There are 2 protein chains.
Amino acid sequence: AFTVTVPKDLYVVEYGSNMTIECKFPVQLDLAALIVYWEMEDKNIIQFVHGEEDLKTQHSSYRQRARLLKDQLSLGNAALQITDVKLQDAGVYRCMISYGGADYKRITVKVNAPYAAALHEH
Amino acid sequence: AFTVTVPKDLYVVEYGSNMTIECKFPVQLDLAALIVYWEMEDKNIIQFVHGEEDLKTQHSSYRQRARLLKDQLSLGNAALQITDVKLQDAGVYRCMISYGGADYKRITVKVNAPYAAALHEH
């Protein structure tokens, strides 16, 4: 059965940093058979369908900050890079991968920030 | 955990008939959070992403014959209707559903046909 794995399911990062969170899936890669869908608490981050990124329902809090590392896909690695991490990025992410089957995993992200930074986003 | 279920995982149909095969997923439905991806033995049938059907990598053997019944989605039912069933439609279908998680199921389809009909497609 198709299984998605997460070697690391807890990330603790500082606000303003860049972070790359990863889900592994078994793989030469056939982009025509692949869907990668990253989401966090009902906010869509990445929809990648047959080699094309669809931003149509990406949540505005992630606009211009979220990237799927496409070169990693050929390694069986769905790697989501978030730049300039916000307080609002803390939470549980789900990677939903379809590739001859479908599975998902949950990744917890914590963001540390001083009071003034958390107040910026309050 | 998000689970996709198949009440019926074996369909036996006659060539030239219409058949509707179904996968259930737990659900008001948020089309913005949903992906339905139907495939059969490396042939893409349906990709339905945030309420829009993407035919870009649909396999040519299913062109004009495959429909996702959208009204069933609000019931937690991914229903794939194949019209004018061909011999080539026999095989194992996978429904890969992403909706706050992701899961899949396998459905076996057998197609009965007389010799002349199988010869048409040989």
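Per the deposited record, X-ray crystallography is how this structure was determined, to a resolution of 1.270 Å.

Engineer: Any chance you could explain the overall build of chain A here in plain terms?
Structural biologist: Within chain A, the regular secondary structure consists of two helices and nine strands. When the elements of chain A are put in sequence order from the N terminus, they spell out β-β-β-β-β-β-α-β-β-β-α. Here the C-alpha radius of gyration of chain A, 15 Å, is about what a compact globule of 122 residues would show, namely 14 Å. Taken over the C-alpha atoms alone, chain A extends approximately 45 × 30 × 25 Å along its principal axes.

Engineer: What am I meant to see in the nonpolar core here?
Structural biologist: Side chains that are nonpolar tend, in soluble globular proteins, to be buried together. Membership of the largest hydrophobic core comes to 76 residues, with the highest contact counts inside it found for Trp38, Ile45 and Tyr93 of chain A together with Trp38, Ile45 and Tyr93 of chain B. Setting aside chain neighbours within four positions, we find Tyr93 of chain A in contact with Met19, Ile21, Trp38, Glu39, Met40, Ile45, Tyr62, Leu80, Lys105, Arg106, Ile107 and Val109 of chain A.

Engineer: Would you mind going over the relation of the copies chain A and chain B with me for this structure?
Structural biologist: Here chain A sits on chain B after a turn of 180 degrees about the axis and a move of 0.0 Å along it, with an RMSD of 0.0 Å. Expressed as an axis order, the relation between the two copies is that of a two-fold axis. Taking C-alpha positions as the reference, the residue of chain A nearest the rotation axis is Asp103 of chain A, at 2.5 Å. When you check the interface residues of chain A against chain B, 100% turn up at the interface there too, and the contact is symmetric in its surfaces.

Engineer: I tried to follow the interface of chain A and chain B on my own but got confused; where do I start?
Structural biologist: By a widespread convention, an interface's size corresponds to the accessible area lost as its parts come together. On the chain B side, the residues contacting the 23 residues of chain A number 23 residues. Breaking the side of chain A that touches chain B down by element, the ones donating at least two residues are β3 (35–40), β4 (43–49), β8 (91–98) and β9 (102–112) of chain A. Across the side of chain A that touches chain B, the residue classes tally to 12 nonpolar, seven polar and four charged.

Engineer: Before we go on, may I ask you to explain the state of the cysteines in this structure?
Structural biologist: Disulfides are covalent bonds that link the sulfur atoms of two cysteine residues. Residues and elements named next belong to chain B. Within the structure shown, the criterion is met by two disulfides over all chains. In this model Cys23 forms its disulfide with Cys95; the gap between the sulfur atoms is 2.0 Å. Because the sign of the S-S torsion sets the handedness, a value of about -90 degrees for the bond joining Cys23 and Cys95 places this disulfide among the left-handed ones.

Engineer: Could you clarify how one ought to interpret the sheet that holds strand β9 (residues 102–112) of chain B in this entry?
Structural biologist: Residues and elements named next belong to chain B. With respect to topology, six strands assemble into an open sheet ordered β1-β9-β8-β3-β4-β5, the strand pairing being mixed. If you trace the sheet from one side to the other, it starts and ends with β1 (10–14) and β5 (52–53), each paired once. Direction of pairing for strand β3 (residues 35–40) relative to strand β8 (residues 91–98): antiparallel, over a ladder of six bridges. If you follow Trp38 over to β8, its bridge partner there is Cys95.

Engineer: Looking at this structure, I do not really get the pattern of salt bridges. What am I missing?
Structural biologist: Note on pairing: side chains with opposite charge can pair once their charged atoms come close. All names here are of chain A. Summed over the entire model, instances satisfying the criterion amount to 10 salt bridges over all chains. We note a salt bridge from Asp89 to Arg65, for which the minimum N-O separation is 2.8 Å. Here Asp89 is found in the loop between β7 (77–82) and β8, whereas its partner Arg65 is found in the loop between β5 (52–53) and β6 (66–68), with 24 residues between them in sequence. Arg65 shares its class with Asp89; the two are buried.

Definitions and limits used
All residue numbers start from 1 on each chain and follow the order of its written sequence rather than the entry's numbering, and residues without coordinates are excluded. Following the order in which they are written, the chains are lettered starting with A and the ligands numbered starting with 1. Note that the side-chain values use all heavy atoms of the structure and ignore hydrogens as well as water. Residues with missing side-chain atoms are left out of burial classes, side-chain pairs and their counts. Numbering of helices and strands starts at the N terminus; helices are DSSP runs of H or I of at least 4 residues and strands are runs of E of at least 2. A radius of gyration in this sense is built from C-alpha atoms; the matching globule rule multiplies 2.2 Å by the number of residues raised to 0.38. Residue types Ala, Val, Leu, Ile, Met, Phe, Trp, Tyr and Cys, when buried and joined through side-chain atoms within 4.5 Å, form a set referred to as a nonpolar core. Burial status follows relative accessibility: with a 1.4 Å probe on protein chains alone, a residue under 20% of its type maximum counts as buried, one over 50% as exposed, and anything between as partly exposed. Only heavy atoms enter the contact rule, under which two residues are in contact if any of them lie within 4.5 Å. Alignment of copies: least-squares superposition over the C-alpha atoms. Residue polarity follows a fixed list, in which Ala, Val, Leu, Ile, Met, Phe, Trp, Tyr, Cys and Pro are nonpolar, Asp, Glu, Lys and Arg are charged, and the others, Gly among them, are polar. Here, a disulfide means two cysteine sulfur atoms that sit within 2.5 Å of each other. DSSP calls a pair of strands paired once it identifies at least 2 bridges connecting them. Here, a salt bridge means any side-chain nitrogen of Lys or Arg that lies within 4 Å of a carboxyl oxygen of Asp or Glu.

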